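A lone chain, given as structure tokens: the form deposited in one PDB entry.
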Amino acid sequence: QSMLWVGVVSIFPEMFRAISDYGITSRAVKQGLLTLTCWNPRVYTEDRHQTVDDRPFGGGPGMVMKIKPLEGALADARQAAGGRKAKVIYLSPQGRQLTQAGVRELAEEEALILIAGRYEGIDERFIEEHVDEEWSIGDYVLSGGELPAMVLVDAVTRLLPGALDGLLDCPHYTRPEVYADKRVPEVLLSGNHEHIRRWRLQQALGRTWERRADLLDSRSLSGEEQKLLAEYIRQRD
């Protein structure tokens, strides 16, 4: 009955408590908006040492994940999905960088089977055969795909209806009015509810321009927001 079924293929399923016990994903799991199941490839091995790493063909340092244990856990995950259209995602640095655009696309799916790789990664033929899409969470290399898998689940979950632009946010201020010789901008303490809306929007635009100008090349600035940005750039030291 859940609006998104997620199956995670990982040798560390305990690690995923970070999303099952905490936050919006945890809430969604309880509310039944998200079914979160794990599939340890180690419980699909033929030896007592639960060996899941194989040597690489052509030498070189590192290990490759063993194909048969992965095959097992994937088949089992596919089985539990039922009649749901399940997209198989491999979390990989070589994948399509995840952006909110991709998150919206992934949120439209009814089932997601996420492969959390380890060591040097998973065999190319295994990808070629089973994987539907490859995603990266950013241009940095991590030790495994469990944290990227959890990041993907969290990002998509917020979009699931009931769980809860291209412009950075405005700065935020809370109690006290003055702290360590630093005072809250007057516009917030004494100002119109449309002039606070004005200032916040102007700060949003300005901070985006200052830090993430690329997000503004993508965006198409309106008349109203170009004037507030011009005001920001000119009213700045």
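In case it trips you up, residue 1 is the first one in the sequence shown, and so on. Under this definition, the rigid core comprises the largest set of C-alpha atoms superposing within 1.5 Å between the forms.
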Residue 165 preceded by how many uncoordinated deposited residues after residue 164:
10 or more
Mean CA B-factor: is it higher for 56-64 or for 165-173?
165-173
As the entry reports it, the stretch among 86-94 and 155-163 with higher mean C-alpha B factor is 155-163
Residue set 184, 28, 36, 70, per-entry CA B-factor max assigned to 184
Hey, what third does residue 221 fall into on Cα B-factor, ranked over its chain?
highest
In terms of its chain's C-alpha B-factors, the third that includes residue 9 is the lowest
Taking the C-alpha B-factors as the PDB entry records them, is residue 24 in the lowest, middle or highest third of its chain?
middle
Taking the C-alpha B-factors as the PDB entry records them, is residue 101 in the lowest, middle or highest third of its chain?
middle
In terms of its chain's C-alpha B-factors, the third that includes residue 228 is the highest
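One more form of this protein exists, namely the form deposited in another entry; it is left out here, but the text below deals with it.
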Residue 177: Cα shift of 2 Å or greater between this form and the one not shown (core-aligned)
yes
Core-aligned C-alpha movement of residue 38 between this form and the one not shown, 2 Å or more
no
Core superposition between this form and the one not shown, C-alpha change of residue 50 at least 2 Å
yes
Residue 16 and residue 50: do their C-alpha atoms lie closer or farther in the other entry than in the form you see, with a change of 3 Å or more?
farther
